[PDB]
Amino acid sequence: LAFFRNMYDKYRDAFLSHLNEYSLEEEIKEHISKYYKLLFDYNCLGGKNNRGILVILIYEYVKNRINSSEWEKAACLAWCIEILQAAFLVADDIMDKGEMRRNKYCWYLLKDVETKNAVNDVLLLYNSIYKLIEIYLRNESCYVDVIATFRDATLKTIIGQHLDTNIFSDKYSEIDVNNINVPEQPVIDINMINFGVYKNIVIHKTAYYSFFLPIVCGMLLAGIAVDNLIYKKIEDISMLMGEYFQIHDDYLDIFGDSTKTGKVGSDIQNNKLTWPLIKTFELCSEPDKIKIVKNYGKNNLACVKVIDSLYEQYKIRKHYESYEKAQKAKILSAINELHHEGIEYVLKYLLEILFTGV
């Protein structure tokens, strides 16, 4: 619980210790270690760690208490999720052309790193996960299923980003394998602006790895049978939380202090299907849909200001407040159908600190 934040060095060093036994000259081993120590420290730390904590809490309250050897396996899984998060955020910042993350410059922007290194380093963080899982859970019975869950959550997240990045592109309105020169100028597509499509995306890009994966890890580790019907109930609660979480992420993109959120809002300029876009479209007048189509997705201050002002005009802040209230209720209703008092507590607890933390 507090156990968690202090176990970081243990797992970081376990992994770095694997690197250190490679057949490399000694000057090179030292340099590798400096680099990969910074990679982990810079990218895994400084987060709210809600996904990691969720593995730890699910583990405790699924059981009747847990020795400090069993805790070591729990916290390992917990840091793996936080490393997965690190890997994804490094990648997302390359794809979304990010500036700031957790209040510092994005990894890929550092001049001793650059994109060439950033990409390589994503795949390293990602694989570190499974090396760590092998070190601490090779001999557990859930081993194969735990690595199977990380794998299948990751795949859903990958398709998730794929749609996040491409739902408005010419591709989706045959792929031209001879064009390496003429870039499409980003333009929204009206057919795609609807909650149905938005849910598909947000569920795949967020719900599985942020909520399903950590919940299922804890349970798997605590001995709960994979075949059990509680998993399909957990999957549906995970879908609702992810929707709830991502829409909040989208709200912060427009209305959050970039010093408080740690990052800079870019959804409009990057042509993203976001909840405020969809809500404004279902509420606004025809003259304003034209105004939306001719200003969205353009990396141009005056165009962005048009869209932000429409969001002020159509009182989107008030509409969010209203959504947050209704969804929180749909979610609590789903939690109370689990009939498991421990998980129910953890999920209610999570639902409260989802935006604060700690």
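When you see a residue number, it is the position in the sequence shown, counting from 1. Note that the rigid core is defined as the largest set of C-alphas that superpose within 1.5 Å between two forms.
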Next on the checklist: Quick check: by Cα RMS after rigid core superposition, does 238-246 or 175-183 differ more from this form in 8 other deposited structures of this protein?
Outcome noted: 175-183
Next on the checklist: Of the other PDB entries for this protein whose models extend past residue 313 on both sides, does at least a third leave it without coordinates?
Outcome noted: no
Next on the checklist: Given that the flanking residues are present, does residue 64 go without coordinates in at least a third of the other entries of this protein?
Outcome noted: yes
Checklist outcome for this item: residue 173 to residue 174: deposited residues not modelled, binned count -> 4 to 9
Checklist outcome for this item: Between residue 65 and residue 66, the number of deposited residues left without coordinates comes to 1 to 3
Checklist entry - As stated in the PDB record, which stretch has the larger average Cα B-factor, 129-137 or 203-211? => result 129-137
Checklist entry - In the PDB record, does 233-241 or 256-264 carry the higher mean Cα temperature factor? => result 256-264
Checklist entry - In the PDB entry, which of 249, 72, 112, 96 has its C-alpha at the highest B-factor? => result 72
Item to check | Which of 159, 226, 80, 273 ranks first by CA B-factor in the deposited coordinates | outcome: 226
Item to check | B-factor third for the C-alpha atom of residue 61 within its chain | outcome: highest
Next on the checklist: Looking at the temperature factor on the CA atom of residue 87, which third of the chain's modelled residues does it land in?
Outcome noted: lowest
Checklist outcome for this item: Of the three thirds of the chain ranked by Cα temperature factor, residue 345 occupies the lowest
Checklist outcome for this item: Here the Cα B-factor of residue 281, set against its chain, lands in the third termed highest
Checklist outcome for this item: Temperature factor at the Cα of residue 181, chain-ranked in thirds, falls in the middle
